[PDB]
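Here is how the chains run, residue by residue.
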Amino acid sequence: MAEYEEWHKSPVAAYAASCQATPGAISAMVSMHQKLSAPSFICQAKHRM
Amino acid sequence: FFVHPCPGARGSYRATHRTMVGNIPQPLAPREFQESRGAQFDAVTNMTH
């Protein structure tokens, strides 16, 4: 693998190595996979995220 | 620093490196400072005890 390609770049694994085990860090990972698209921004700005 | 008494009758001053933060004495790095310096080691690494 070359890590300039995959959906998980380097600073995703840099987050997992530095977490506490709190269940607030579980929902951080699901909130981490927002896709930075232009019609993704319509979804959060509607829901005020 | 210390005094080196070996040559002849007089001494001369020499020096050995302290090599650590902990080899600074307690008047110049007290007990509650080394405790509050390792609690800053904890907040950056974010280690789990």
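Details of the structure are given in the entry above.
First things first, this report covers the structure right here in the doc. (Residues numbered from 1 in each chain as written, not as in the entry; some residues may be left out. Chains lettered and ligands numbered in written order. Part of a larger assembly, values for the part shown. Heavy atoms only, no water.)

## A closer look at the overall build of chain A
Argument step 1. Per the secondary structure count, chain A includes three helices and zero strands.
Argument step 2. When its helices and strands are written in sequence order, chain A yields α-α-α.
Argument step 3. Dimensions along the principal axes, computed over C-alpha positions, put chain A at roughly 35 × 30 × 10 Å.
Argument step 4. Taken over 49 residues, chain A has a buried fraction of 6%.
Argument step 5. Of the roughly 4500 Å² of accessible surface on chain A, 65% is carried by carbon and sulfur atoms. (Helix = DSSP H or I, 4+ residues; strand = E, 2+ residues; numbered from the N terminus. Buried < 20%, exposed > 50% of the residue type's maximum accessible area, 1.4 Å probe, protein only. Areas by Shrake-Rupley, 256 points an atom, 1.4 Å probe, with all protein chains shown as cover.)

## What about the pattern of salt bridges?
Residue and element names in this part refer to chain B.
Argument step 1. Inspection of every chain in the model, using the stated rule, returns one salt bridge over all chains.
Argument step 2. Across the salt bridge formed by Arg31 and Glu32, the nearest N and O atoms sit 3.2 Å from each other. Each member of the pair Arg31 and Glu32 is classed as exposed. (Salt bridge = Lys/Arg side-chain N within 4 Å of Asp/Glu carboxyl O.)

## Thoughts on the layout of surface pockets
Residue and element names in this part refer to chain A.
Argument step 1. Considered as a void within the structure, the largest pocket measures approximately 250 Å³ in volume.
Argument step 2. Taken together, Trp7, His8, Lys9, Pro11, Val12, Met32, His33, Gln34 and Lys35 make up the lining of the largest pocket.
Argument step 3. Broken down by class, the residue content of the lining of the largest pocket amounts to four nonpolar, three polar and two charged. (1 Å grid on protein atoms, 1.4 Å probe; cavity = no way out; pocket = protein on both sides within 12 Å on 5 of 7 lines; lining within 4 Å. Points joined across faces, edges and corners; volume = space filled by probe spheres on them. Nonpolar A, V, L, I, M, F, W, Y, C, P; charged D, E, K, R; others polar.)

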